[PDB]
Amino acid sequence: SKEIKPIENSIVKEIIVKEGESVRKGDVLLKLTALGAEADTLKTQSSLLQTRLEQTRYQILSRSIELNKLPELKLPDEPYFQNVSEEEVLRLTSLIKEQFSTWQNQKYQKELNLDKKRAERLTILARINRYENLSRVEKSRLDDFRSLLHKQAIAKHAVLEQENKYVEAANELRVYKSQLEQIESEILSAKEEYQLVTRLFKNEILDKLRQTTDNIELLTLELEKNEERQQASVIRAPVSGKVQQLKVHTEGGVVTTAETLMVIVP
């Protein structure tokens, strides 16, 4: 007495009723899935898996920053990590290893420069000490010399050459002191270069981790829509009675909203 049509163009997921079967109002007759829903959901799920792999990547790298060494490169076994291919895991671990290696090498280069500057500073300090001691010695010998001038116990020539020696010592000292100031400045700059590497690495990891979080959020919303559309529609008997004129026996075939799948009499 009443015709049964699908609310939307779909695929016959399950045929529960047979021809001539008696059903009550509310009994399930047919379950349908909307066309193209499973493929869409599959796509969204794939994207989710990828984004989560990336999330794992940047989490591991952040941890490696905190440890200055890589943690164990394994996926946690959570339900979103149930359909991961060997290729995806390999790609993940390779990416992690390569980024960590590059970071470490950059650090080591800047640290190398810094250490070179430190060694140079040590050398400069040694020279400064040397010529300060030399300067003072020549100055004292010269002072002893030049008032022997005023008691005419020494030649002017000896005085001139001692003054020459002292002057050279003092000039060398001044030069190396200036060099000390400059190298100290360069050491400061080198420290800032060394620190900048890890600073930027840490920042970039935080940024990417945030991005993956946002992406997981949006993809989750899209997945929610997909799951809402994909969930099987159930057709329940609007009245109790007999199933007649059933024109559906193939699971997996297409039915349209204009098609009468069966009638329930009366």
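Note that residue numbering follows the sequence shown and begins at 1.
Residue range whose averaged C-alpha B-factor is higher in the record, 234 to 242 or 57 to 65:
On average, C-alpha B-factors are higher across 234 to 242.
For the stretches 37 to 45 and 22 to 30, which has the higher mean C-alpha B-factor as given in the deposited record?
22 to 30 has the higher mean C-alpha B-factor.
In terms of recorded Cα temperature factor, pick the maximum from 191, 150, 116, 107.
Among 191, 150, 116, 107, the PDB entry lists the largest C-alpha B-factor for 150.
Of the residues 195, 179, 129, 185, the one carrying the largest Cα B-factor as recorded:
The record points to 129.
Where the record places residue 95 (Cα B-factor, split into thirds across the chain):
CA B-factor rank for residue 95: lowest third.
Ranking the modelled residues of this chain by C-alpha B-factor as given in the entry, is residue 112 in the lowest, middle or highest third?
Its C-alpha B-factor belongs to the lowest third of this chain's values.
Taking the entry's C-alpha B-factors for this chain, is residue 73 in the lowest, middle or highest third?
It falls in the middle third of the chain.
Modelled-residue ranking by C-alpha temperature factor, third containing residue 11:
Answer is middle: the recorded C-alpha B-factor places it there.
Third of the chain's Cα B-factor distribution that residue 175 belongs to, per the entry:
Lowest third of the chain for residue 175's C-alpha B-factor.
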